Amino acid sequence: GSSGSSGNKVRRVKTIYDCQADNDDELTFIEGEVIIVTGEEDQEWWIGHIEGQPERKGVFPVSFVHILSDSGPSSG
């Protein structure tokens with residue numbers, strides 16, 4: 001295992017809805033937050049930590065978040 005593979009990128013999303021994880025494993029977030037997908041569990045549930053706040057890392061339902069797809073290739 002070597003940290004540094006040719007071609008690596010994470011997935012950024014935003015909590016379009018609010019939620020209150022009951023257990024620890026589950027990540028607690030609210031409408032208007034960003035998550036960094038690092039270890040996607042399934043095609044429905046992903047794993048990530050609140051941007052800037054790594055201390056918080058738990059699985060969350062992708063159906064609750066929306067991948068922030070920014071558009072604007074043209075320069076300036």
# chains A, B, ... in the order shown; residues from 1 in each chain; ligands from 1
call {"tool": "residues_around", "arguments": {"residues": "residue 68 in chain A", "least_positions_apart": "6", "cutoff": "7 Å", "atoms": "only C-alpha atoms", "output": "list in words"}}
result
residues 12, 13 and 14 of chain A
call {"tool": "write_last_selection", "arguments": {"atoms": "N, CA, C and O atoms", "output": "mmCIF file, in the first residue's frame"}}
result
data_model
loop_
_atom_site.group_PDB
_atom_site.id
_atom_site.type_symbol
_atom_site.label_atom_id
_atom_site.label_comp_id
_atom_site.auth_asym_id
_atom_site.auth_seq_id
_atom_site.Cartn_x
_atom_site.Cartn_y
_atom_site.Cartn_z
ATOM 1 N N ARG A 12 -17.377 15.270 -4.244
ATOM 2 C CA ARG A 12 -17.937 16.300 -3.376
ATOM 3 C C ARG A 12 -19.453 16.373 -3.527
ATOM 4 O O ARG A 12 -19.978 16.346 -4.641
ATOM 5 N N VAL A 13 -20.151 16.466 -2.401
ATOM 6 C CA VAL A 13 -21.608 16.544 -2.408
ATOM 7 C C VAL A 13 -22.109 17.545 -1.373
ATOM 8 O O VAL A 13 -21.333 18.070 -0.574
ATOM 9 N N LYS A 14 -23.411 17.805 -1.393
ATOM 10 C CA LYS A 14 -24.020 18.742 -0.454
ATOM 11 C C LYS A 14 -25.324 18.181 0.107
ATOM 12 O O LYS A 14 -26.161 17.667 -0.634
#
call {"tool": "residues_around", "arguments": {"residues": "range 46-51 of chain A", "least_positions_apart": "4", "cutoff": "9 Å", "atoms": "only C-alpha atoms", "output": "PyMOL selection string"}}
result
chain A and resi 27+29+33-42+55-62
call {"tool": "write_last_selection", "arguments": {"atoms": "C-alpha atoms", "output": "mmCIF file, in the first residue's frame"}}
result
data_model
loop_
_atom_site.group_PDB
_atom_site.id
_atom_site.type_symbol
_atom_site.label_atom_id
_atom_site.label_comp_id
_atom_site.auth_asym_id
_atom_site.auth_seq_id
_atom_site.Cartn_x
_atom_site.Cartn_y
_atom_site.Cartn_z
ATOM 1 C CA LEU A 27 -22.705 10.944 10.166
ATOM 2 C CA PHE A 29 -25.338 16.703 9.135
ATOM 3 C CA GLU A 33 -23.434 21.188 4.428
ATOM 4 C CA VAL A 34 -20.692 19.571 2.347
ATOM 5 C CA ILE A 35 -19.320 16.033 2.582
ATOM 6 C CA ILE A 36 -16.119 14.506 1.212
ATOM 7 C CA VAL A 37 -16.726 10.997 -0.123
ATOM 8 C CA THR A 38 -13.619 8.909 0.540
ATOM 9 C CA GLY A 39 -14.861 5.378 1.141
ATOM 10 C CA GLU A 40 -18.145 4.821 -0.680
ATOM 11 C CA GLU A 41 -19.901 1.838 0.896
ATOM 12 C CA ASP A 42 -22.590 1.219 -1.722
ATOM 13 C CA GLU A 55 -13.426 14.712 13.316
ATOM 14 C CA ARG A 56 -16.870 13.885 11.931
ATOM 15 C CA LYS A 57 -16.891 10.877 9.602
ATOM 16 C CA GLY A 58 -19.845 8.570 9.029
ATOM 17 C CA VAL A 59 -21.880 6.842 6.330
ATOM 18 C CA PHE A 60 -24.705 8.884 4.812
ATOM 19 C CA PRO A 61 -27.536 8.225 2.322
ATOM 20 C CA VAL A 62 -26.597 9.612 -1.093
#
call {"tool": "atom_distance", "arguments": {"atom1": "CA of residue 32 in chain A", "atom2": "CA of residue 76 in chain A"}}
result
27.1 Å
call {"tool": "select_by_dssp", "arguments": {"residues": "range 2-74 of chain A", "states": "strand (DSSP E or B)", "output": "PDB file with C-alpha atoms, in the first residue's frame"}}
result
ATOM      1  CA  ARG A  11     -16.414  13.109  -4.782  1.00  0.00           C
ATOM      2  CA  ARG A  12     -17.937  16.300  -3.376  1.00  0.00           C
ATOM      3  CA  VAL A  13     -21.608  16.544  -2.408  1.00  0.00           C
ATOM      4  CA  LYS A  14     -24.020  18.742  -0.454  1.00  0.00           C
ATOM      5  CA  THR A  15     -26.689  17.788   2.082  1.00  0.00           C
ATOM      6  CA  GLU A  26     -23.830   7.416  11.035  1.00  0.00           C
ATOM      7  CA  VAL A  34     -20.692  19.571   2.347  1.00  0.00           C
ATOM      8  CA  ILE A  35     -19.320  16.033   2.582  1.00  0.00           C
ATOM      9  CA  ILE A  36     -16.119  14.506   1.212  1.00  0.00           C
ATOM     10  CA  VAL A  37     -16.726  10.997  -0.123  1.00  0.00           C
ATOM     11  CA  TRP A  45     -24.694   4.994   0.852  1.00  0.00           C
ATOM     12  CA  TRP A  46     -21.335   6.776   0.821  1.00  0.00           C
ATOM     13  CA  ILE A  47     -18.678   7.566   3.422  1.00  0.00           C
ATOM     14  CA  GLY A  48     -17.102  10.970   3.973  1.00  0.00           C
ATOM     15  CA  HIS A  49     -16.114  13.649   6.477  1.00  0.00           C
ATOM     16  CA  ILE A  50     -17.549  17.158   6.793  1.00  0.00           C
ATOM     17  CA  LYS A  57     -16.891  10.877   9.602  1.00  0.00           C
ATOM     18  CA  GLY A  58     -19.845   8.570   9.029  1.00  0.00           C
ATOM     19  CA  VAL A  59     -21.880   6.842   6.330  1.00  0.00           C
ATOM     20  CA  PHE A  60     -24.705   8.884   4.812  1.00  0.00           C
ATOM     21  CA  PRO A  61     -27.536   8.225   2.322  1.00  0.00           C
ATOM     22  CA  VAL A  65     -27.156  14.670  -0.750  1.00  0.00           C
ATOM     23  CA  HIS A  66     -26.619  16.008  -4.269  1.00  0.00           C
ATOM     24  CA  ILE A  67     -23.292  15.991  -6.113  1.00  0.00           C
TER      25      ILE A  67
END
call {"tool": "closest_residue", "arguments": {"among": "A:52, A:44, A:72, A:64", "to": "residue 31 in chain A", "atoms": "only C-alpha atoms"}}
result
A:64
